[PDB]
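Shown next, in structure tokens, is the structure this report addresses.
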Amino acid sequence: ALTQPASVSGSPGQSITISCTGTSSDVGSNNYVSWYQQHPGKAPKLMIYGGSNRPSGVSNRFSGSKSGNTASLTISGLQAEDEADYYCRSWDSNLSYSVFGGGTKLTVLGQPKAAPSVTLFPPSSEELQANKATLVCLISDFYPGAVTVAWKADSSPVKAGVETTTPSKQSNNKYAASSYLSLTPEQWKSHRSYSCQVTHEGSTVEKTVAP
Amino acid sequence: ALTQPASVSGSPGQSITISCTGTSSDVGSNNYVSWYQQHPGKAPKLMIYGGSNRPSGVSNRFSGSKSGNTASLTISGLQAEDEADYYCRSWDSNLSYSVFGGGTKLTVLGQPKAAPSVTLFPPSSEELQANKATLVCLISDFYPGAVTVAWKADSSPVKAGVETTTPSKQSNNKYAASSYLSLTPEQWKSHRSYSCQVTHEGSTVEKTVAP
Amino acid sequence: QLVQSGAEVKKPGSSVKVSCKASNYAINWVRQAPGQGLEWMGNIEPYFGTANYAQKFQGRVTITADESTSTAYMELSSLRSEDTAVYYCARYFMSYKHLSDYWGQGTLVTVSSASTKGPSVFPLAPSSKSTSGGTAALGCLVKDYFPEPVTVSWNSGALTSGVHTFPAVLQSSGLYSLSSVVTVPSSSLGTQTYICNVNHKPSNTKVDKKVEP
Amino acid sequence: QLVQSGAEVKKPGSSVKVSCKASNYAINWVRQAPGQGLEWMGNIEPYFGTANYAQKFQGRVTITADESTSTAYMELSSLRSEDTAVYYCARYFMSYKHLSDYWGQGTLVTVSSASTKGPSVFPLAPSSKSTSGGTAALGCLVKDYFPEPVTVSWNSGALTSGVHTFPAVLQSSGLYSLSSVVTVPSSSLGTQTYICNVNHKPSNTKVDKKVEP
Ligand SMILES: CC(/C=C/C=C1/N(CCS(=O)(=O)O)c2ccc(S(=O)(=O)O)cc2C1(C)C)=C\C=C\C1=[N+](CCS(=O)(=O)O)c2ccc(S(=O)(=O)O)cc2C1(C)C
């Protein structure tokens with residue numbers, strides 16, 4: 001098996017290297033070792049092959065190396081877009097058998113803080129006829145990916161029926177999350193209004209809708 | 001250009017490494033580096049490719065490595081048959097341009113000393129009719145490759161007309177050489193006999209022929 | 001270049017056949033359980049039919065090729081819940097004398113005894129007099145389906161920009177819900193057509209919803 | 001797998017066309033001056049006809065391909081004496097998913113204004129009552145030729161073992177001489193046939209000499 005660190009972090013401009021340590025009986029037996037980059041929700045992309053070669057089009061900021069029984073990926077002039085998972089890969093000399101490394105989450109520090117924008121949709125007529133009602137709160141474009149969400153029936157807090165996603169990384173390095181409030185049509189039509197409250201850091205954004 | 005040592009020597013059983021130093025702009029830019037073996041009078045043979053991979057059938061005693069901007073061939077359990085010239089080779093990343101290293105003469109010490117066997121042919125009738133005469137002395141199977149050769153007309157030394165090759169390595173690591181005596185048919189038929197004398201170290205082998 | 005089949009749901013202990021549609025190197029199969037790292041399974045060579053397996057999956061995985069259609073099949077039996085992963089095919093190829101390997105889009109196989117449920121699609125419309133800025137958000141609530149994934153396109157793909165399809169929430173009930181929004185110019189709000197196209201392969205449901213008008 | 005043309009002699013400033021007869025990678029050309037190291041010249045791709053040259057030979061070297069016969073030509077003009085080398089073609093190929101590159105047997109191009117001279121072949125026979133040991137040495141004196149190389153086979157190749165063809169001497173006169181011997185069983189000495197086949201491509205001389213009987 002191939003050991004990589006679970007995660008590494010660096011600053012823009014600096015270089016970092018991710019190590020891929022194996023044995024004399026694999027990584028140190030040939031240089032059929034490669035590196036893959038994976039951004040969120042995407043297939044892995046080949047960055048380095050044969051230890052040190054770049055596929056066509058791949059940036060030259062990505063280099064490969066191999067001291068002893070451990071491979072090494074080095075990213076220079078680190079940029080925000082480099083933020084992703086990195087996997088190393090070995091083949092046996094006979095090229096009949098391959099294995100991947102653990103994976104490494106590369107994070108690029110100094111990303112600017114961003115307040116979320118919120119969209120709140122009321123239940124549609126269509127759903128109201130199905131004798132149901134969902135309020136949809138859409139939280140997008142925030143960083144760091146930590147929010148707390150609070151629903152209000154009028155201005156009374158409502159905890160029951162809330163369903164909130166874990167925030168997950170969009171493809172611009174900012175986060176998105178959603179929060180769903182379930183209630184019954186009567187429950188929806190009895191209150192004067194409902195509000196989804198997104199608090200991020202020093203920020204509170206509240207959006208509010210009405211029957 | 002790629003610098004290798006002009007020659008290296010090792011003992012049977014030990015390992016040696018031949019270095020191939022280039023620049024960041026070639027050897028250290030990718031690992032399209034390879035090693036070639038050349039035995040006397042033969043085409044170069046690929047031993048190592050992509051820095052560390054063996055072609056099919058190539059012995060596993062041959063390994064490759066690359067610290068910094070210098071490639072390295074390592075031969076383990078060194079054997080007599082490894083005695084040959086070694087060349088390293090680089091390609092550019094775009095694979096449109098290649099260069100070779102200087103070459104390295106690998107010599108394996110402790111080869112057993114061997115006395116030469118000698119064959120001496122007299123002029124043929126055919127040549128004698130062409131009004132010429134050559135005596136052919138064939139010196140084969142000796143080591144180390146140093147001999148001195150002395151021709152005799154009767155037992156008087158004869159220096160004029162002698163033509164002797166530099167000894168050169170046979171494909172068993174032993175040396176061969178030849179020596180040619182030119183004389184006129186009358187010159188050949190007047191003396192009682194002619195002899196080619198091969199002295200190797202403590203050894204003198206003399207062969208002798210007659211009209 | 002590489003096209004695999006749609007996503008699937010399997011009861012634990014069932015069989016799953018996933019195909020890959022396609023240089024002559026092997027057709028490799030790599031899996032990734034969600035949140036996990038990549039994992040090699042095996043490969044196949046279109047001629048001679050020689051197949052290789054990682055020791056782990058050996059026996060209970062059959063990778064096959066059909067040259068008549070240049071298509072490869074990975075079968076996995078004795079399906080256990082922890083088999084739940086994205087399954088890719090991958091194949092190496094040579095362009096610039098240089099290397100590249102094409103990956104399939106991947107197919108998600110979820111293993112659970114929980115029933116498959118196709119989604120309900122509700123339109124998410126703004127009050128018209130709700131949106132400020134020459135710009136408006138509208139969407140589709142894709143509610144109460146199982147298992148993942150769901151695919152949302154707008155106007156059959158013709159509309160592609162300003163389109164944000166959010167990751168699903170797993171509700172307490174054990175069903176997923178997810179939402180897709182388009183931001184659209186506000187002036188043409190109730191006149192332009194906005195249809196969302198929902199696809200949930202595991203139950204073979206397709207739903208088209210006219211959000212506007 | 002790879003066959004190049006015979007060796008040649010050229011006056012300084014003449015032209016030399018050397019061919020190579022043949023996986024689809026480039027056909028490379030590598031030279032080695034005698035006693036010198038290897039040296040890359042350039043290569044060619046059979047389709048599109050794209051050719052690459054090392055800066056050194058650039059301009060005065062034309063490498064061409066003829067797909068009709070899968071054959072490649074390296075031409076070198078402005079031939080100077082120091083061009084004297086063995087010229088190989090080489091080409092990469094893929095077997096075990098593994099690499100190998102086939103080299104041509106090489107062709108020697110000697111550059112000199114010294115006249116070409118085909119060899120004289122004389123038989124080297126033992127006195128019959130000369131040789132002791134159920135074994136006897138006989139051969140061919142290949143005398144007074146220019147330039148290198150010369151090729152000696154025995155009985156058209158049928159006889160291959162116990163055959164020692166010695167490196168040439170460069171005589172004071174500026175001509176080469178060389179010798180080939182067979183060791184043969186002594187009993188059948190004057191009854192068995194031993195013919196040596198001499199080939200000296202640079203002058204297009206072939207000589208067959210019956211050494212016995
Ligand atoms: C093809 C290759 C490496 C392949 C590696 C593989 N690998 C190893 C992959 S990795 O090394 O781990 O990234 C494979 C693994 C699996 C499979 S499977 O899917 O079938 O199971 C297949 C493969 C590959 C693709 C065979 C290297 C080629 C190097 C070349 N080189 C570089 C040669 S060297 O590195 O300097 O020796 C080269 C130079 C020149 C010229 S030319 O100008 O004369 O035409 C041509 C070439 C070449 C293109 C032959």
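Ordering of the structure tokens sets the chain letters (A, B, ...), residue numbers begin anew at 1 in every chain, and ligands are numbered from 1 in the order given.
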
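Once residue 75 of chain B and its same-chain neighbours fewer than 3 positions away are set aside, residues 14, 15, 16, 17, 18, 60, 61, 62, 63, 64, 78 and 82 of chain B remain within 9 Å of it when counting only C-alpha atoms.
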
Writer output for current selection, N, CA, C and O atoms, as a compact mmCIF listing (two decimals), in the first residue's frame:
# COMPACT_ATOMS: atom_id res chain seq x y z
N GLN B 14 30.59 -7.18 -6.31
CA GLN B 14 30.28 -5.83 -5.85
C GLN B 14 29.30 -5.13 -6.80
O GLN B 14 29.10 -5.58 -7.93
N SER B 15 28.68 -4.06 -6.34
CA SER B 15 27.87 -3.23 -7.21
C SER B 15 28.64 -1.98 -7.58
O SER B 15 29.44 -1.49 -6.78
N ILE B 16 28.41 -1.47 -8.78
CA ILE B 16 28.88 -0.13 -9.13
C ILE B 16 27.78 0.71 -9.75
O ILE B 16 26.77 0.18 -10.24
N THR B 17 27.97 2.02 -9.70
CA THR B 17 27.04 2.94 -10.31
C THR B 17 27.79 3.90 -11.23
O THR B 17 28.86 4.41 -10.88
N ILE B 18 27.24 4.12 -12.42
CA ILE B 18 27.77 5.09 -13.36
C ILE B 18 26.86 6.31 -13.32
O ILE B 18 25.65 6.19 -13.49
N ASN B 60 17.72 -8.31 -13.97
CA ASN B 60 17.28 -7.39 -12.92
C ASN B 60 18.43 -6.82 -12.09
O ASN B 60 18.21 -6.00 -11.19
N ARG B 61 19.65 -7.25 -12.39
CA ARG B 61 20.85 -6.72 -11.74
C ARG B 61 21.10 -5.26 -12.14
O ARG B 61 21.94 -4.57 -11.54
N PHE B 62 20.37 -4.80 -13.15
CA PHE B 62 20.50 -3.44 -13.66
C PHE B 62 19.36 -2.58 -13.18
O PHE B 62 18.20 -2.86 -13.48
N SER B 63 19.69 -1.55 -12.41
CA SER B 63 18.70 -0.62 -11.89
C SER B 63 19.07 0.81 -12.29
O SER B 63 20.19 1.08 -12.72
N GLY B 64 18.09 1.70 -12.17
CA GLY B 64 18.25 3.11 -12.51
C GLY B 64 17.69 4.01 -11.42
O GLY B 64 16.80 3.63 -10.68
N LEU B 78 27.93 -7.81 -9.98
CA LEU B 78 28.76 -7.60 -11.16
C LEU B 78 29.40 -8.89 -11.66
O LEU B 78 29.95 -9.66 -10.87
N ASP B 82 29.41 -8.17 -17.89
CA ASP B 82 29.00 -6.78 -17.78
C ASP B 82 30.04 -5.83 -18.36
O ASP B 82 29.75 -4.65 -18.57

When you look at segment 85-101 of chain A with a cut-off of 9 Å (counting only C-alpha atoms), what residues show up, excluding the ones that are within fewer than 3 positions of it in the same chain? I need them as a ChimeraX atom specification. /A:1-4,7,18-21,25-27,29-40,44,71-73,82,104-107 /B:53-54 /C:37-43,51-54 /D:96-98

Using only C-alpha atoms and all ligand atoms, find each residue in chain D having at least one atom no more than 12 Å away from ligand 1; report its shortest atom-to-atom pair and that distance in Å (one decimal), rows by chain then rising number, as a tab-separated table.
residue	atom	partner	partner_atom_place_in_ligand_line	distance
D:23	CA	ligand 1	50 (C)	9.8
D:24	CA	ligand 1	45 (O)	7.8
D:25	CA	ligand 1	45 (O)	4.0
D:26	CA	ligand 1	45 (O)	3.7
D:27	CA	ligand 1	44 (O)	6.1
D:28	CA	ligand 1	44 (O)	5.7
D:29	CA	ligand 1	44 (O)	9.2
D:30	CA	ligand 1	44 (O)	11.1
D:40	CA	ligand 1	44 (O)	10.8
D:41	CA	ligand 1	44 (O)	11.3
D:42	CA	ligand 1	44 (O)	8.7
D:43	CA	ligand 1	44 (O)	6.5
D:44	CA	ligand 1	43 (O)	7.7
D:45	CA	ligand 1	45 (O)	7.2
D:46	CA	ligand 1	45 (O)	10.3
D:47	CA	ligand 1	45 (O)	11.8
D:50	CA	ligand 1	43 (O)	10.2
D:51	CA	ligand 1	43 (O)	9.3
D:52	CA	ligand 1	43 (O)	8.3
D:53	CA	ligand 1	43 (O)	10.7
D:89	CA	ligand 1	44 (O)	10.4
D:90	CA	ligand 1	44 (O)	8.0
D:91	CA	ligand 1	44 (O)	6.2
D:92	CA	ligand 1	50 (C)	5.6
D:93	CA	ligand 1	50 (C)	6.8
D:94	CA	ligand 1	1 (C)	7.5
D:95	CA	ligand 1	26 (C)	9.3
D:96	CA	ligand 1	26 (C)	8.3
D:97	CA	ligand 1	26 (C)	4.5
D:98	CA	ligand 1	26 (C)	6.3
D:99	CA	ligand 1	50 (C)	7.0
D:100	CA	ligand 1	50 (C)	8.5
D:101	CA	ligand 1	50 (C)	8.5
D:102	CA	ligand 1	44 (O)	11.2
D:103	CA	ligand 1	44 (O)	11.9

Output C-alpha atoms of each residue in that selection to a file, as a PDB file, in the first residue's frame.
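File produced: selection.pdb:
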ATOM      1  CA  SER D  23       4.461  -0.234 -34.106  1.00  0.00           C
ATOM      2  CA  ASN D  24       4.394   3.386 -35.316  1.00  0.00           C
ATOM      3  CA  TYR D  25       7.069   5.550 -33.675  1.00  0.00           C
ATOM      4  CA  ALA D  26       9.770   7.590 -35.419  1.00  0.00           C
ATOM      5  CA  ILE D  27      12.728   6.146 -37.298  1.00  0.00           C
ATOM      6  CA  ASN D  28      15.812   7.497 -35.562  1.00  0.00           C
ATOM      7  CA  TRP D  29      19.363   7.886 -36.822  1.00  0.00           C
ATOM      8  CA  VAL D  30      22.382   7.536 -34.513  1.00  0.00           C
ATOM      9  CA  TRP D  40      21.959  11.454 -32.199  1.00  0.00           C
ATOM     10  CA  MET D  41      21.281  12.889 -35.635  1.00  0.00           C
ATOM     11  CA  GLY D  42      17.505  13.053 -36.102  1.00  0.00           C
ATOM     12  CA  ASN D  43      14.340  11.090 -36.866  1.00  0.00           C
ATOM     13  CA  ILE D  44      11.244  10.844 -39.070  1.00  0.00           C
ATOM     14  CA  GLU D  45       7.582   9.878 -38.708  1.00  0.00           C
ATOM     15  CA  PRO D  46       6.280   7.754 -41.674  1.00  0.00           C
ATOM     16  CA  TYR D  47       3.030   9.799 -41.797  1.00  0.00           C
ATOM     17  CA  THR D  50       7.625  15.388 -39.801  1.00  0.00           C
ATOM     18  CA  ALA D  51      11.390  15.262 -39.275  1.00  0.00           C
ATOM     19  CA  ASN D  52      13.615  16.352 -36.391  1.00  0.00           C
ATOM     20  CA  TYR D  53      17.338  17.105 -36.395  1.00  0.00           C
ATOM     21  CA  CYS D  89      18.802   3.508 -37.707  1.00  0.00           C
ATOM     22  CA  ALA D  90      16.763   2.797 -34.566  1.00  0.00           C
ATOM     23  CA  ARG D  91      13.036   2.588 -33.850  1.00  0.00           C
ATOM     24  CA  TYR D  92      11.053   2.092 -30.643  1.00  0.00           C
ATOM     25  CA  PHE D  93       8.353  -0.598 -30.293  1.00  0.00           C
ATOM     26  CA  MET D  94       5.866  -1.932 -27.743  1.00  0.00           C
ATOM     27  CA  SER D  95       5.559  -5.652 -26.841  1.00  0.00           C
ATOM     28  CA  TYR D  96       4.685  -6.539 -23.202  1.00  0.00           C
ATOM     29  CA  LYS D  97       3.141  -3.105 -22.720  1.00  0.00           C
ATOM     30  CA  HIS D  98       6.930  -2.801 -22.282  1.00  0.00           C
ATOM     31  CA  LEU D  99       9.474  -0.886 -24.320  1.00  0.00           C
ATOM     32  CA  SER D 100      12.279  -2.050 -26.601  1.00  0.00           C
ATOM     33  CA  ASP D 101      14.117  -0.354 -29.442  1.00  0.00           C
ATOM     34  CA  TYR D 102      15.438  -2.263 -32.402  1.00  0.00           C
ATOM     35  CA  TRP D 103      18.747  -1.102 -33.833  1.00  0.00           C
TER      36      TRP D 103
END

From segment 90-148 of chain C, collect each residue whose DSSP state is strand (DSSP E or B) and return the set as a PyMOL selection string. chain C and resi 90-94+99-103+107-111+117+120-124+136-146

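Proximity of C:178, C:111, C:159, C:211 to residue 191 of chain C, computed with only C-alpha atoms, is greatest for C:211.
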
Any idea what's packed within 8 Å of residue 77 of chain C, counting only C-alpha atoms, ignoring anything in its chain fewer than 5 positions away? Could you give it as number ranges by chain? C: 13-16, 60-61

How about saving the chosen residues, N, CA, C and O atoms kept, as a PDB file, in the first residue's frame?
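And here is the file that came out, part.pdb:
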ATOM      1  N   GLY C  13     -26.244  -8.336  -1.940  1.00  0.00           N
ATOM      2  CA  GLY C  13     -26.139  -9.723  -2.404  1.00  0.00           C
ATOM      3  C   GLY C  13     -26.616  -9.945  -3.832  1.00  0.00           C
ATOM      4  O   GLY C  13     -26.640 -11.083  -4.321  1.00  0.00           O
ATOM      5  N   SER C  14     -27.004  -8.854  -4.495  1.00  0.00           N
ATOM      6  CA  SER C  14     -27.392  -8.882  -5.906  1.00  0.00           C
ATOM      7  C   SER C  14     -26.177  -8.702  -6.814  1.00  0.00           C
ATOM      8  O   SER C  14     -25.035  -8.594  -6.339  1.00  0.00           O
ATOM      9  N   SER C  15     -26.435  -8.678  -8.119  1.00  0.00           N
ATOM     10  CA  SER C  15     -25.390  -8.480  -9.118  1.00  0.00           C
ATOM     11  C   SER C  15     -25.562  -7.162  -9.859  1.00  0.00           C
ATOM     12  O   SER C  15     -26.679  -6.694 -10.088  1.00  0.00           O
ATOM     13  N   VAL C  16     -24.438  -6.570 -10.231  1.00  0.00           N
ATOM     14  CA  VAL C  16     -24.435  -5.309 -10.955  1.00  0.00           C
ATOM     15  C   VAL C  16     -23.468  -5.371 -12.140  1.00  0.00           C
ATOM     16  O   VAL C  16     -22.287  -5.657 -11.973  1.00  0.00           O
ATOM     17  N   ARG C  60     -14.963 -12.441  -7.051  1.00  0.00           N
ATOM     18  CA  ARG C  60     -16.302 -11.850  -7.065  1.00  0.00           C
ATOM     19  C   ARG C  60     -16.449 -10.657  -8.022  1.00  0.00           C
ATOM     20  O   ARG C  60     -17.455  -9.948  -7.985  1.00  0.00           O
ATOM     21  N   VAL C  61     -15.451 -10.448  -8.879  1.00  0.00           N
ATOM     22  CA  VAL C  61     -15.523  -9.421  -9.919  1.00  0.00           C
ATOM     23  C   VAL C  61     -15.131 -10.012 -11.274  1.00  0.00           C
ATOM     24  O   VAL C  61     -14.068 -10.617 -11.416  1.00  0.00           O
TER      25      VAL C  61
END

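For the residues D:157, D:49, D:162, D:34, ranking by smallest atom-to-atom distance to residue 107 of chain D using only C-alpha atoms places D:34 first.
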
Would you list the contacts of residue 206 of chain D as an MDAnalysis selection string, taking every protein, DNA or RNA residue within 9 Å and counting only C-alpha atoms, but skipping same-chain residues closer than 3 positions in sequence? chainID D and resid 118:119 197:201

Could you save those same residues with N, CA, C and O atoms as a PDB file, in the first residue's frame?
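File produced: result.pdb:
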ATOM      1  N   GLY D 118      39.283  -3.471 -53.953  1.00  0.00           N
ATOM      2  CA  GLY D 118      38.761  -4.779 -53.538  1.00  0.00           C
ATOM      3  C   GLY D 118      39.872  -5.737 -53.127  1.00  0.00           C
ATOM      4  O   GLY D 118      41.017  -5.576 -53.548  1.00  0.00           O
ATOM      5  N   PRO D 119      39.545  -6.741 -52.298  1.00  0.00           N
ATOM      6  CA  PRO D 119      40.583  -7.585 -51.728  1.00  0.00           C
ATOM      7  C   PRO D 119      41.054  -8.700 -52.670  1.00  0.00           C
ATOM      8  O   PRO D 119      40.342  -9.074 -53.606  1.00  0.00           O
ATOM      9  N   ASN D 197      33.666 -17.101 -47.981  1.00  0.00           N
ATOM     10  CA  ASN D 197      32.951 -16.095 -48.755  1.00  0.00           C
ATOM     11  C   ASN D 197      33.241 -14.704 -48.245  1.00  0.00           C
ATOM     12  O   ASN D 197      32.769 -14.310 -47.169  1.00  0.00           O
ATOM     13  N   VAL D 198      34.000 -13.971 -49.051  1.00  0.00           N
ATOM     14  CA  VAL D 198      34.447 -12.629 -48.751  1.00  0.00           C
ATOM     15  C   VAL D 198      33.549 -11.617 -49.449  1.00  0.00           C
ATOM     16  O   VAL D 198      33.201 -11.765 -50.626  1.00  0.00           O
ATOM     17  N   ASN D 199      33.152 -10.597 -48.705  1.00  0.00           N
ATOM     18  CA  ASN D 199      32.307  -9.539 -49.226  1.00  0.00           C
ATOM     19  C   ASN D 199      32.900  -8.229 -48.770  1.00  0.00           C
ATOM     20  O   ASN D 199      33.220  -8.064 -47.592  1.00  0.00           O
ATOM     21  N   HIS D 200      33.080  -7.311 -49.708  1.00  0.00           N
ATOM     22  CA  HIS D 200      33.662  -6.014 -49.416  1.00  0.00           C
ATOM     23  C   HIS D 200      32.764  -5.043 -50.141  1.00  0.00           C
ATOM     24  O   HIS D 200      33.015  -4.693 -51.311  1.00  0.00           O
ATOM     25  N   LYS D 201      31.689  -4.632 -49.461  1.00  0.00           N
ATOM     26  CA  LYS D 201      30.664  -3.830 -50.109  1.00  0.00           C
ATOM     27  C   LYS D 201      31.197  -2.560 -50.757  1.00  0.00           C
ATOM     28  O   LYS D 201      30.790  -2.265 -51.864  1.00  0.00           O
TER      29      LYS D 201
END

D:105, D:135, D:55, D:177: which is nearest residue 180 of chain B, counting only C-alpha atoms? D:177

For residue 126 of chain D, please output as a PyMOL selection string all residues within 7 Å (counting only C-alpha atoms; exclusion window: fewer than 5 positions along the same chain). chain D and resi 131+137-138

Write the selection just made, keeping N, CA, C and O atoms, as a CSV table (one decimal), in the first residue's frame?
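Output saved as result-v7.csv:
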chain,number,residue,atom,x,y,z
D,131,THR,N,49.1,-30.4,-38.5
D,131,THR,CA,48.2,-30.2,-37.4
D,131,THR,C,48.1,-31.4,-36.5
D,131,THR,O,47.8,-32.5,-36.9
D,137,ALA,N,43.6,-25.9,-38.1
D,137,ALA,CA,43.2,-24.6,-38.5
D,137,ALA,C,43.6,-24.3,-39.9
D,137,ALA,O,44.7,-24.6,-40.4
D,138,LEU,N,42.6,-23.8,-40.6
D,138,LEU,CA,42.7,-23.3,-42.0
D,138,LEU,C,42.0,-22.0,-42.1
D,138,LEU,O,41.1,-21.6,-41.3

Please provide as a ChimeraX atom specification all residues within 12 Å of residue 193 of chain C, with the sequence filter that same-chain residues fewer than 6 positions apart are discarded (counting only C-alpha atoms). /C:138,154-156,158-159,182,184-185,209-213

Store the residues picked out above, limited to N, CA and C atoms, as a short mmCIF file (atom, residue, chain, number, x, y, z; two decimals), in the first residue's frame.
data_model
loop_
_atom_site.label_atom_id
_atom_site.label_comp_id
_atom_site.auth_asym_id
_atom_site.auth_seq_id
_atom_site.Cartn_x
_atom_site.Cartn_y
_atom_site.Cartn_z
N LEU C 138 -35.19 31.39 -9.88
CA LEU C 138 -36.25 30.41 -9.94
C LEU C 138 -35.63 29.01 -9.97
N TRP C 154 -31.59 22.44 -17.55
CA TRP C 154 -32.59 23.46 -17.82
C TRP C 154 -32.77 23.67 -19.31
N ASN C 155 -34.03 23.66 -19.75
CA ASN C 155 -34.38 23.75 -21.18
C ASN C 155 -33.64 22.76 -22.04
N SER C 156 -33.55 21.52 -21.55
CA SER C 156 -32.91 20.40 -22.25
C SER C 156 -31.42 20.58 -22.50
N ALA C 158 -30.05 23.48 -23.41
CA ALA C 158 -29.92 24.78 -24.09
C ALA C 158 -29.54 25.92 -23.14
N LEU C 159 -30.10 25.88 -21.93
CA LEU C 159 -29.79 26.87 -20.90
C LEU C 159 -28.79 26.26 -19.94
N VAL C 182 -31.88 28.56 -11.50
CA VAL C 182 -31.37 29.39 -12.55
C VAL C 182 -31.54 30.82 -12.07
N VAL C 184 -32.05 34.35 -13.82
CA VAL C 184 -32.57 34.71 -15.14
C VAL C 184 -32.86 36.20 -15.20
N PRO C 185 -32.88 36.81 -16.41
CA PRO C 185 -33.17 38.25 -16.44
C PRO C 185 -34.60 38.46 -15.97
N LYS C 209 -40.48 19.78 -15.67
CA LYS C 209 -41.37 20.74 -15.05
C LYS C 209 -41.21 22.12 -15.64
N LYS C 210 -42.32 22.67 -16.11
CA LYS C 210 -42.38 24.05 -16.58
C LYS C 210 -42.49 25.00 -15.38
N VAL C 211 -41.40 25.68 -15.06
CA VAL C 211 -41.41 26.64 -13.96
C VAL C 211 -41.99 27.99 -14.39
N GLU C 212 -41.85 28.31 -15.68
CA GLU C 212 -42.34 29.57 -16.23
C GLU C 212 -42.63 29.49 -17.73
N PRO C 213 -43.78 30.06 -18.18
CA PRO C 213 -44.85 30.65 -17.34
C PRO C 213 -45.77 29.59 -16.72
#

Would you mind listing what lies within 6 Å of segment 70-75 of chain D as number ranges by chain, with only C-alpha atoms counted and same-chain residues fewer than 5 positions away left out? D: 16-22, 61-65

Write the selection just made, keeping N, CA and C atoms, as a tab-separated table (two decimals), in the first residue's frame?
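That gives us out39.tsv:
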chain	number	residue	atom	x	y	z
D	16	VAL	N	25.78	10.84	-49.48
D	16	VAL	CA	25.56	9.46	-49.09
D	16	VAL	C	24.11	9.25	-48.64
D	17	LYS	N	23.43	8.32	-49.30
D	17	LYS	CA	22.07	7.94	-48.94
D	17	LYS	C	22.12	6.54	-48.35
D	18	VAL	N	21.70	6.43	-47.09
D	18	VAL	CA	21.64	5.15	-46.38
D	18	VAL	C	20.17	4.86	-46.04
D	19	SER	N	19.73	3.64	-46.32
D	19	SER	CA	18.33	3.25	-46.12
D	19	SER	C	18.12	2.33	-44.91
D	20	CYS	N	16.89	2.31	-44.39
D	20	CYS	CA	16.51	1.43	-43.28
D	20	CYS	C	15.15	0.77	-43.56
D	21	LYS	N	15.11	-0.56	-43.53
D	21	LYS	CA	13.89	-1.31	-43.85
D	21	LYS	C	13.19	-1.88	-42.61
D	22	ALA	N	11.95	-1.43	-42.41
D	22	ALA	CA	11.11	-1.87	-41.30
D	22	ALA	C	9.96	-2.73	-41.80
D	61	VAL	N	21.67	17.44	-43.39
D	61	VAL	CA	21.15	16.08	-43.26
D	61	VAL	C	19.65	16.06	-43.58
D	62	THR	N	19.27	15.19	-44.52
D	62	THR	CA	17.87	15.03	-44.89
D	62	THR	C	17.44	13.60	-44.64
D	63	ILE	N	16.49	13.45	-43.72
D	63	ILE	CA	15.95	12.15	-43.40
D	63	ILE	C	14.58	12.07	-44.05
D	64	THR	N	14.37	11.04	-44.85
D	64	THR	CA	13.12	10.86	-45.60
D	64	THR	C	12.51	9.49	-45.37
D	65	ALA	N	11.20	9.40	-45.58
D	65	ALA	CA	10.49	8.15	-45.46
D	65	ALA	C	9.72	7.89	-46.74

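Atom pair atom CA of residue 163 of chain A / atom CA of residue 36 of chain C has a distance of 24.7 Å (rounded to one decimal).
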
Picked from segment 96-185 of chain A by DSSP as alpha helix (DSSP H), as number ranges by chain: A: 125-129, 185

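Using only C-alpha atoms, the nearest neighbour of residue 118 of chain A within the list A:207, A:131, A:188, A:13 is A:207.
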
One decimal, Å: what's the distance from atom CA of residue 35 of chain C over to atom CA of residue 150 of chain A, could you say? 27.5 Å

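When atom CA of residue 148 of chain B is paired with atom CA of residue 151 of chain D, their separation reads 27.7 Å.
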